[PDB]
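A lone chain, given as structure tokens: the form deposited in one PDB entry.
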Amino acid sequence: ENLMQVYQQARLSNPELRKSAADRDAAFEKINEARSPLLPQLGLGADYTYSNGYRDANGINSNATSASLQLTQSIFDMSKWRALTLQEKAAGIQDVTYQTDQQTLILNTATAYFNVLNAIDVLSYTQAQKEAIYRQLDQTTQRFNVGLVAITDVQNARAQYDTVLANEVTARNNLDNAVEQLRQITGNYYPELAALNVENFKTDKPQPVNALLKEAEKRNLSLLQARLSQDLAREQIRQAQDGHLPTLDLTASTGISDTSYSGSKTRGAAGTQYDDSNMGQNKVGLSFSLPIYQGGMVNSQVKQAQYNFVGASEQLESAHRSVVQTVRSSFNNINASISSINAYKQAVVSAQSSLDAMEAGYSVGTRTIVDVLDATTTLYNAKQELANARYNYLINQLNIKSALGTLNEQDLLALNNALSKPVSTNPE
């Protein structure tokens, strides 16, 4: 399983990505819910009012029943238009949030894959170091059993070998936790993963930092969220300023009234005083309203929206400083990874030559066995450092493509063509 197939399995079933997709679609249905109250509203009503009279109403009872039909439709209300535009802008913010955690999904599965590969070759280098130290210990024990060296050398070799055994144990644990992190990201357990080439692994210097700064100012998704939040705050200002505005709405009705009377006073001139009525009504009428003075509520809301807009502009400037820091730090990290790859290749070559030299010097009696053992540790530390530098170079390539906001599937396709051969994620 190479990186592309891991990402194909991950994007298809990651829970956080689908949760963000659910939030995006909920925001679009909120657009529909905010466009709702500008439409016609129909509602039916009915009543059945028993009544009783007393204290100069004694003997007057009534059973008034009714059944109405309402219709409401606003004619000029600016606040509902403002709420509709605000919901559209909030859905745009939710859409760019979905885009940015698509990017974060790609970055997370890439760093989990490379953490697994780094744990694999750290375990393999620790195993090779343990093998070399055990070979030295076995050779010195064969020397001691014929009486050629003292027991100090085999005891020092035994001590070094036991320390490397403990390091191998904790390296195996780190491998198991790394593959558990990969399972937690993708949802699958992988027996083998494609490893990295080392014989044709070449590094490329990135673009100049000004071109990256211009592309980050054009394309970074956090800066887009900040810009959309700023224009949303300006729309909040407009929403309060249109809270100043008057109102006008239309209302229609259709209702039947079936009032009837009973009681002792209705045994009098109930004809034309309290008589039954089959009355129906068709009503259609406007309604105007104009808030003149509200105690300064709308002015305080305008000033609150202005202070919130100033805060949103400061949020935009903070996000701009953060993205500048991000692209400059990742640029420095890429150059650091290239220089450290070259330095660690040179260090590996020199440490190998030094290990051969100290082995010859120990065989001639210039160096001790402790010299051979710590030369071995320095060599395998240099090898582990070289592997870490390679994986840091690849993850910094992904970080510079994410901070530009252009991280997508084809970058994974490129550094998936970087990978070559299947290595097992669980050796014996």
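Don't overthink the numbering: it's just position in the shown sequence, from 1. For clarity, a rigid core is taken as the largest C-alpha set superposing within 1.5 Å between two forms.
Keep in mind that the form deposited in another entry is not shown, yet the notes after this line are about it.
- With the rigid core aligned between the shown form and the other one, only one of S329, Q139, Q207, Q273 has a CA shift of 2 Å or more: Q273.
- A displacement of less than 2 angstroms separates the C-alpha positions of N61 between the shown form and the other one, with the rigid core held in common.
- Core-superposed comparison between the shown form and the other one: the Cα of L394 travels less than 2 Å.
- With the core superposed, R367 shows a C-alpha displacement of at least 2 Å between the shown form and the other one.
- The distance between the CA atoms of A270 and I256 is at least 3 Å longer in the other form than in the form shown here.
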